[PDB]
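**Q** Sharing a structure below in structure tokens format, with a few things to ask.
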Amino acid sequence: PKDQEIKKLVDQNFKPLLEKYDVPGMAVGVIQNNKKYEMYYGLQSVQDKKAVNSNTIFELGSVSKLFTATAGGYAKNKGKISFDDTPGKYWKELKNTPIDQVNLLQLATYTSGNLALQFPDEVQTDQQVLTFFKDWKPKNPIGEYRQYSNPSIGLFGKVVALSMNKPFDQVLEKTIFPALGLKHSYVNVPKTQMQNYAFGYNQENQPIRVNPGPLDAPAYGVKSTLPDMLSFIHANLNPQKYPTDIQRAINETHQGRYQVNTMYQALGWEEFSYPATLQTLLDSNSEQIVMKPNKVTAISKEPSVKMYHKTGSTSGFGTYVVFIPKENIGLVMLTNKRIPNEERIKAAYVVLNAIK
Ligand SMILES: *C(=O)[C@@H](NC(=O)/C(=N\OC(C)(C)C(=O)O)c1csc(N)n1)[C@@H]1N=C(C(=O)O)C(=C)CS1
């Protein structure tokens, strides 16, 4: 059976990474032709002696940005925002400031020109975040240079929230997650689910969870189970099978906005021409693309067959999601220890290419 063939493939390619990087726990999911396969290894909690299972909640880290993107696509297609609007229109305390000449799409796709990977260490309180954006001044020409930025998509998320007259946590938990059919996906894990919330483990194998941070939720703050992430990949593979509002939201996240070498930047998702070589997928995670600013080029020819992926990490967790529309296949990897991005991409590449 397919069940045993997939289990064997994941056992050969993913299971060895547990001994190699000393990973307490892992969840790997495959969806093929609307059939879900769930593999669980090791411990959700070392001290509590809890096995990883279908209820285990993991930190998605930067894979959170896919839900922020989906929320933006939902708001835009319900006419709550336009991608040509500026933050001042919704956050009135930023009206007539320099950041108010950056549009929402530029914030969402990291092209503000002067927003780094992280906020400064001193930015913490709601007031210090508002001050940081009021005191913001341009550097590189607005819209020309991609620099991967938590603050950038953070502000986009806050604006999307204001546009729908809810806090961001409520936008996901009350609108987007239910619309996608996600039952155990959280910005804030409730008291009744804390026994299902995995500990992350650092490079010394000490337990750690993600700390509150300035505009954390939209950038890296979402937690989910393997079954919920498999449902999210199913939605991305079959957006036609969902209500108009969320279908339009999903399709909005799949549209390439600009290009950097072999990579097309969509809303949240990273987009590639399919078939993609292993090295094209590894290049997306290169220090050059991730750490440093890069000149963006216009889309000349939109690739006819596309493929999408996203890596994510916190101090304690690793995440990788990938889906190929034309093959009706996708994969999710969740670990409660950071492993190198290259090892996640390579393992996923072998499994997806080998599946019949
Ligand atoms: C999304 O996953 C981003 N990661 C983060 O913002 C966090 N960690 O990033 C690293 C670079 C690992 C760090 O040590 O700060 C993060 C969020 S909350 C928390 N406790 N850590 C991007 N991910 C990576 C990555 O692959 O790890 C990056 C290279 C740059 S930011």
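Within each chain, counting starts at residue 1; across the structure tokens, chains are named A, B, ... in the order shown, with ligands numbered 1 upward in that order.
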So that I can see what lies close to residue A:10, please list as a list in words the residues with an atom at most 9 Å from it, counting only C-alpha atoms and leaving out residues fewer than 2 positions away in the same chain.
**A**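 Counting only the stated atoms, we get residues 5, 6, 7, 8, 12, 13, 14, 15, 28, 39, 347, 348 and 351 of chain A.
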**Q** Could the residues in this selection be saved with N, CA, C and O atoms as an mmCIF file, in the first residue's frame?
**A**
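Written file, result-v5.cif:
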data_model
loop_
_atom_site.group_PDB
_atom_site.id
_atom_site.type_symbol
_atom_site.label_atom_id
_atom_site.label_comp_id
_atom_site.auth_asym_id
_atom_site.auth_seq_id
_atom_site.Cartn_x
_atom_site.Cartn_y
_atom_site.Cartn_z
ATOM 1 N N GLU A 5 4.552 2.543 1.732
ATOM 2 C CA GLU A 5 5.562 3.087 0.780
ATOM 3 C C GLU A 5 6.025 4.472 1.264
ATOM 4 O O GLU A 5 7.255 4.740 1.224
ATOM 5 N N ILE A 6 5.077 5.317 1.690
ATOM 6 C CA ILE A 6 5.348 6.700 2.188
ATOM 7 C C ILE A 6 6.088 6.591 3.530
ATOM 8 O O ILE A 6 7.133 7.267 3.690
ATOM 9 N N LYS A 7 5.582 5.752 4.443
ATOM 10 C CA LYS A 7 6.184 5.521 5.782
ATOM 11 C C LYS A 7 7.655 5.129 5.598
ATOM 12 O O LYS A 7 8.510 5.708 6.298
ATOM 13 N N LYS A 8 7.937 4.189 4.688
ATOM 14 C CA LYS A 8 9.310 3.685 4.411
ATOM 15 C C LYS A 8 10.181 4.839 3.899
ATOM 16 O O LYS A 8 11.322 4.972 4.383
ATOM 17 N N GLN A 12 13.396 6.508 5.846
ATOM 18 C CA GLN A 12 14.755 6.467 5.239
ATOM 19 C C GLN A 12 15.383 7.867 5.204
ATOM 20 O O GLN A 12 16.622 7.945 5.286
ATOM 21 N N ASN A 13 14.574 8.920 5.057
ATOM 22 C CA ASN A 13 15.045 10.280 4.676
ATOM 23 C C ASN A 13 14.938 11.268 5.847
ATOM 24 O O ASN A 13 15.777 12.189 5.890
ATOM 25 N N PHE A 14 13.953 11.114 6.741
ATOM 26 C CA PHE A 14 13.670 12.072 7.845
ATOM 27 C C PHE A 14 14.099 11.491 9.202
ATOM 28 O O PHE A 14 14.735 12.226 9.980
ATOM 29 N N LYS A 15 13.769 10.226 9.485
ATOM 30 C CA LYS A 15 14.048 9.562 10.788
ATOM 31 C C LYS A 15 15.538 9.631 11.135
ATOM 32 O O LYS A 15 15.869 9.859 12.295
ATOM 33 N N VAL A 28 6.168 14.422 10.441
ATOM 34 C CA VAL A 28 6.245 14.563 8.958
ATOM 35 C C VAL A 28 4.905 14.125 8.366
ATOM 36 O O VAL A 28 4.429 13.034 8.717
ATOM 37 N N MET A 39 3.296 10.776 9.953
ATOM 38 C CA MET A 39 4.353 10.020 10.676
ATOM 39 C C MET A 39 4.830 10.851 11.879
ATOM 40 O O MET A 39 5.177 12.029 11.684
ATOM 41 N N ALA A 347 15.716 16.295 2.269
ATOM 42 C CA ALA A 347 14.897 15.146 2.719
ATOM 43 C C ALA A 347 13.533 15.182 2.020
ATOM 44 O O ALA A 347 13.086 14.119 1.560
ATOM 45 N N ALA A 348 12.917 16.363 1.929
ATOM 46 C CA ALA A 348 11.598 16.597 1.290
ATOM 47 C C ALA A 348 11.692 16.326 -0.220
ATOM 48 O O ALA A 348 10.727 15.792 -0.791
ATOM 49 N N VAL A 351 11.881 12.455 -0.921
ATOM 50 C CA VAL A 351 10.573 11.804 -0.607
ATOM 51 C C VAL A 351 9.565 12.134 -1.715
ATOM 52 O O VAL A 351 8.902 11.190 -2.181
#
**Q** What does the list of residues within 7 Å of ligand 1 look like if you count only C-alpha atoms and all ligand atoms, written as number ranges by chain?
**A** A: 61-63, 117, 150, 210-211, 220, 290-291, 311-315, 341
**Q** I need the residue nearest residue A:284 from this list: A:208, A:263, A:187, A:94. Use only C-alpha atoms for the distance.
**A**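 Ranking A:208, A:263, A:187, A:94 by distance to residue A:284, first place goes to A:263.
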**Q** For the helix (DSSP H, G or I) assignment from backbone DSSP, which residues of stretch 48-118 of chain A qualify? Please present them as a short mmCIF file (atom, residue, chain, number, x, y, z; two decimals) with C-alpha atoms, in the first residue's frame.
**A**
data_model
loop_
_atom_site.label_atom_id
_atom_site.label_comp_id
_atom_site.auth_asym_id
_atom_site.auth_seq_id
_atom_site.Cartn_x
_atom_site.Cartn_y
_atom_site.Cartn_z
CA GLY A 61 8.27 30.32 13.21
CA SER A 62 8.51 32.20 9.85
CA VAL A 63 5.92 29.78 8.28
CA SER A 64 3.56 32.07 10.35
CA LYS A 65 4.01 34.64 7.50
CA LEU A 66 1.91 32.32 5.19
CA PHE A 67 -1.14 32.93 7.51
CA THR A 68 -0.36 36.73 7.62
CA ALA A 69 -0.26 36.63 3.75
CA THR A 70 -3.56 34.61 3.60
CA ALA A 71 -5.14 37.18 6.04
CA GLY A 72 -3.95 40.03 3.73
CA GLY A 73 -5.37 38.22 0.63
CA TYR A 74 -8.72 37.74 2.49
CA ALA A 75 -8.98 41.45 3.58
CA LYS A 76 -7.96 42.70 0.06
CA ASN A 77 -10.55 40.49 -1.82
CA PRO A 87 -0.17 52.18 6.77
CA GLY A 88 -1.37 55.73 7.74
CA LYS A 89 -4.86 55.05 6.24
CA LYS A 92 -3.93 57.02 11.97
CA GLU A 93 -0.90 57.80 14.27
CA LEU A 94 1.45 57.09 11.24
CA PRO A 98 7.90 58.98 6.09
CA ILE A 99 6.82 55.24 6.47
CA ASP A 100 3.34 56.37 5.17
CA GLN A 101 4.89 56.56 1.61
CA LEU A 104 1.07 47.48 1.93
CA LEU A 105 2.42 45.11 -0.85
CA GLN A 106 5.96 46.59 -0.35
CA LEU A 107 5.74 45.94 3.46
CA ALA A 108 4.36 42.38 2.81
#
**Q** Interatomic distance between atom CA of residue A:297 and atom CA of residue A:60?
**A**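 We find that atom CA of residue A:297 and atom CA of residue A:60 lie 29.5 Å from each other.
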**Q** Could you pull the residues within 7 Å of stretch 132-138 of chain A, counting only C-alpha atoms, minus those fewer than 2 positions along the same chain, as a list in words?
**A**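 With the cut-off at 7 Å, the set is residues 94, 97, 98, 99, 113, 114, 128, 129, 130 and 140 of chain A.
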**Q** So that I have them on file, write out the residues from the current selection with N, CA, C and O atoms, as a PDB file, in the first residue's frame.
**A**
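Written out: result.pdb:
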ATOM      1  N   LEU A  94       0.316  57.148  12.218  1.00  0.00           N
ATOM      2  CA  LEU A  94       1.446  57.091  11.245  1.00  0.00           C
ATOM      3  C   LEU A  94       1.172  57.990  10.030  1.00  0.00           C
ATOM      4  O   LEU A  94       2.060  58.076   9.159  1.00  0.00           O
ATOM      5  N   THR A  97       3.814  60.694   8.152  1.00  0.00           N
ATOM      6  CA  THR A  97       5.187  60.253   8.524  1.00  0.00           C
ATOM      7  C   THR A  97       5.851  59.638   7.293  1.00  0.00           C
ATOM      8  O   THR A  97       5.170  59.275   6.340  1.00  0.00           O
ATOM      9  N   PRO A  98       7.198  59.539   7.251  1.00  0.00           N
ATOM     10  CA  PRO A  98       7.899  58.975   6.092  1.00  0.00           C
ATOM     11  C   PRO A  98       7.494  57.540   5.708  1.00  0.00           C
ATOM     12  O   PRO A  98       7.425  57.273   4.511  1.00  0.00           O
ATOM     13  N   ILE A  99       7.224  56.665   6.691  1.00  0.00           N
ATOM     14  CA  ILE A  99       6.820  55.239   6.467  1.00  0.00           C
ATOM     15  C   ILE A  99       5.473  55.189   5.730  1.00  0.00           C
ATOM     16  O   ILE A  99       5.207  54.158   5.074  1.00  0.00           O
ATOM     17  N   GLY A 113      12.963  49.327   1.939  1.00  0.00           N
ATOM     18  CA  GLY A 113      14.264  49.961   1.645  1.00  0.00           C
ATOM     19  C   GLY A 113      15.091  50.198   2.899  1.00  0.00           C
ATOM     20  O   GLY A 113      16.315  50.390   2.769  1.00  0.00           O
ATOM     21  N   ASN A 114      14.469  50.175   4.084  1.00  0.00           N
ATOM     22  CA  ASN A 114      15.160  50.478   5.369  1.00  0.00           C
ATOM     23  C   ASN A 114      14.485  49.744   6.537  1.00  0.00           C
ATOM     24  O   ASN A 114      14.250  50.383   7.576  1.00  0.00           O
ATOM     25  N   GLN A 128       6.777  51.793  22.000  1.00  0.00           N
ATOM     26  CA  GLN A 128       8.145  51.800  21.416  1.00  0.00           C
ATOM     27  C   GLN A 128       8.092  51.375  19.944  1.00  0.00           C
ATOM     28  O   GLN A 128       8.942  51.855  19.170  1.00  0.00           O
ATOM     29  N   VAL A 129       7.130  50.522  19.573  1.00  0.00           N
ATOM     30  CA  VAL A 129       6.912  50.069  18.166  1.00  0.00           C
ATOM     31  C   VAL A 129       6.361  51.247  17.352  1.00  0.00           C
ATOM     32  O   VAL A 129       6.865  51.475  16.234  1.00  0.00           O
ATOM     33  N   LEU A 130       5.365  51.955  17.895  1.00  0.00           N
ATOM     34  CA  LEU A 130       4.730  53.139  17.250  1.00  0.00           C
ATOM     35  C   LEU A 130       5.795  54.224  17.031  1.00  0.00           C
ATOM     36  O   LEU A 130       5.839  54.777  15.917  1.00  0.00           O
ATOM     37  N   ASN A 140      17.250  52.993   1.021  1.00  0.00           N
ATOM     38  CA  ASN A 140      17.208  52.498  -0.384  1.00  0.00           C
ATOM     39  C   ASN A 140      15.886  52.931  -1.011  1.00  0.00           C
ATOM     40  O   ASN A 140      14.903  53.111  -0.295  1.00  0.00           O
TER      41      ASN A 140
END
**Q** Residue A:334: which residues within 12 Å, counting only C-alpha atoms, same-chain residues fewer than 6 positions away excluded, as a PyMOL selection string?
**A** chain A and resi 14+18+23-29+38-42+44+52-54+56-61+63+198+200+223-230+311-314+316-321+344
**Q** Among stretch 246-346 of chain A, which ones does DSSP place in strand (DSSP E), written as a VMD selection string?
**A** chain A and resid 258 to 260 263 to 265 270 to 273 294 to 295 306 to 313 318 to 324 329 to 335
**Q** Using N, CA and C atoms, can you write the selected residues to a file as a short mmCIF file (atom, residue, chain, number, x, y, z; two decimals), in the first residue's frame?
**A**
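Contents of part-v7.cif, as written:
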data_model
loop_
_atom_site.label_atom_id
_atom_site.label_comp_id
_atom_site.auth_asym_id
_atom_site.auth_seq_id
_atom_site.Cartn_x
_atom_site.Cartn_y
_atom_site.Cartn_z
N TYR A 258 7.52 39.78 -7.74
CA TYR A 258 8.84 40.13 -8.33
C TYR A 258 9.73 38.89 -8.26
N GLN A 259 10.97 39.00 -8.74
CA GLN A 259 11.90 37.84 -8.88
C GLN A 259 13.29 38.25 -8.38
N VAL A 260 14.03 37.29 -7.84
CA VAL A 260 15.46 37.41 -7.42
C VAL A 260 16.15 36.11 -7.87
N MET A 263 14.28 32.51 -7.94
CA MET A 263 13.18 32.58 -6.94
C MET A 263 12.20 33.72 -7.29
N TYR A 264 10.90 33.42 -7.25
CA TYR A 264 9.79 34.40 -7.39
C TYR A 264 9.16 34.59 -6.01
N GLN A 265 9.17 35.83 -5.50
CA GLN A 265 8.57 36.21 -4.19
C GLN A 265 7.06 36.38 -4.39
N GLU A 270 7.48 31.29 -1.17
CA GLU A 270 8.56 31.39 -2.17
C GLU A 270 8.18 30.50 -3.36
N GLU A 271 8.24 31.05 -4.57
CA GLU A 271 7.73 30.40 -5.81
C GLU A 271 8.92 30.06 -6.72
N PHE A 272 8.86 28.89 -7.36
CA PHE A 272 9.88 28.35 -8.28
C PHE A 272 9.20 27.75 -9.51
N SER A 273 9.91 27.76 -10.64
CA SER A 273 9.56 26.99 -11.86
C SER A 273 9.69 25.50 -11.53
N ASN A 294 18.88 42.52 -1.74
CA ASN A 294 19.02 42.13 -3.16
C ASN A 294 18.08 43.00 -4.01
N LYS A 295 18.59 43.53 -5.13
CA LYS A 295 17.81 44.24 -6.18
C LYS A 295 16.75 43.27 -6.71
N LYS A 306 4.26 25.99 -11.53
CA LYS A 306 4.92 26.57 -10.33
C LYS A 306 4.94 25.52 -9.20
N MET A 307 5.80 25.77 -8.22
CA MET A 307 6.03 24.95 -7.00
C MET A 307 6.30 25.96 -5.88
N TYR A 308 5.96 25.68 -4.62
CA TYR A 308 6.08 26.66 -3.51
C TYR A 308 6.67 25.97 -2.27
N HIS A 309 7.44 26.71 -1.47
CA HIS A 309 7.99 26.22 -0.18
C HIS A 309 8.22 27.40 0.77
N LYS A 310 8.37 27.09 2.05
CA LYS A 310 8.70 28.05 3.14
C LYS A 310 9.37 27.27 4.27
N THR A 311 10.51 27.78 4.73
CA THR A 311 11.21 27.32 5.95
C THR A 311 10.84 28.27 7.08
N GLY A 312 10.92 27.78 8.31
CA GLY A 312 10.68 28.58 9.52
C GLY A 312 11.43 27.99 10.68
N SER A 313 11.88 28.84 11.59
CA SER A 313 12.56 28.44 12.85
C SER A 313 12.18 29.42 13.95
N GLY A 318 11.93 23.81 14.25
CA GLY A 318 12.13 23.90 12.79
C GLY A 318 10.86 23.52 12.04
N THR A 319 10.58 24.22 10.94
CA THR A 319 9.39 23.99 10.07
C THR A 319 9.81 24.01 8.60
N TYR A 320 9.22 23.14 7.79
CA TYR A 320 9.32 23.19 6.31
C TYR A 320 7.99 22.72 5.70
N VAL A 321 7.42 23.54 4.82
CA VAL A 321 6.20 23.19 4.04
C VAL A 321 6.53 23.40 2.56
N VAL A 322 6.08 22.47 1.72
CA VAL A 322 6.31 22.49 0.24
C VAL A 322 5.09 21.83 -0.41
N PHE A 323 4.66 22.36 -1.55
CA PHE A 323 3.54 21.78 -2.34
C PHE A 323 3.78 22.06 -3.83
N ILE A 324 3.37 21.09 -4.65
CA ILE A 324 3.50 21.11 -6.13
C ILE A 324 2.11 20.91 -6.73
N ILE A 329 0.52 17.11 -4.78
CA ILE A 329 1.33 16.56 -3.66
C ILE A 329 1.92 17.70 -2.82
N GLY A 330 2.12 17.45 -1.52
CA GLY A 330 2.73 18.41 -0.58
C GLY A 330 3.33 17.69 0.62
N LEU A 331 4.18 18.38 1.38
CA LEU A 331 4.86 17.82 2.57
C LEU A 331 4.99 18.88 3.66
N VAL A 332 4.83 18.45 4.92
CA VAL A 332 5.08 19.28 6.14
C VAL A 332 6.08 18.53 7.02
N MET A 333 7.09 19.24 7.52
CA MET A 333 8.04 18.74 8.55
C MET A 333 8.00 19.71 9.73
N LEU A 334 7.74 19.18 10.93
CA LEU A 334 7.75 19.92 12.21
C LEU A 334 8.73 19.21 13.15
N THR A 335 9.70 19.94 13.70
CA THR A 335 10.67 19.46 14.72
C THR A 335 10.66 20.42 15.91
#
**Q** Do you have the atom CA of residue A:336-atom CA of residue A:196 distance handy?
**A**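 Distance reported for this atom pair: 12.7 Å.
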**Q** What is the distance between atom CA of residue A:232 and atom CA of residue A:207, in Å to one decimal?
**A**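 Those two atoms sit 27.7 Å apart.
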**Q** Hey, which of A:250, A:302, A:343, A:182 ends up closest to residue A:282? Count only C-alpha atoms.
**A**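 Selected residue with least distance to residue A:282: A:343.
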